[PDB]
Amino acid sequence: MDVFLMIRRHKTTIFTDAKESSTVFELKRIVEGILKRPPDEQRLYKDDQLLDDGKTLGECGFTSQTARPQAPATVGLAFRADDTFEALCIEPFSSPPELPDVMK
């Protein structure tokens, strides 16, 4: 089963899918292909939880019925600069304006 994801770090957001059966490490290989950083320089997160390389996306709670094409699940991403890892930082999207009066 496909799961649909947003892999997010700072102001970067990757839209992609993966198999529920696929592993965290395999997702780092996907990120590697796109952002040119190897898996050993990546940490992936679900909310605040650091994800283990060997676990499946399904095991980590990314399921086909929660990680949907029209509402994808978020996977946090952090890079290691040299010796140590940055902290997980995901920049929020902008805030919508107030509804015009005629829409209230």
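One-based numbering along the sequence shown. Take the two forms, find the largest set of C-alpha atoms that superpose within 1.5 Å, and that set is the rigid core.
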Between 8 to 16 and 76 to 84, which has the larger RMS C-alpha deviation from this form in 6 other deposited structures of this protein after core superposition?
76 to 84
Highest mean C-alpha temperature factor of the two stretches 48 to 56 and 67 to 75, which is it?
48 to 56
Would you mind comparing 76 to 84 and 19 to 27 for me and telling me which has the higher average C-alpha temperature factor in the entry?
76 to 84
Classify residue 94 as lowest, middle or highest third according to the C-alpha B-factor given in the PDB entry, relative to its own chain.
middle
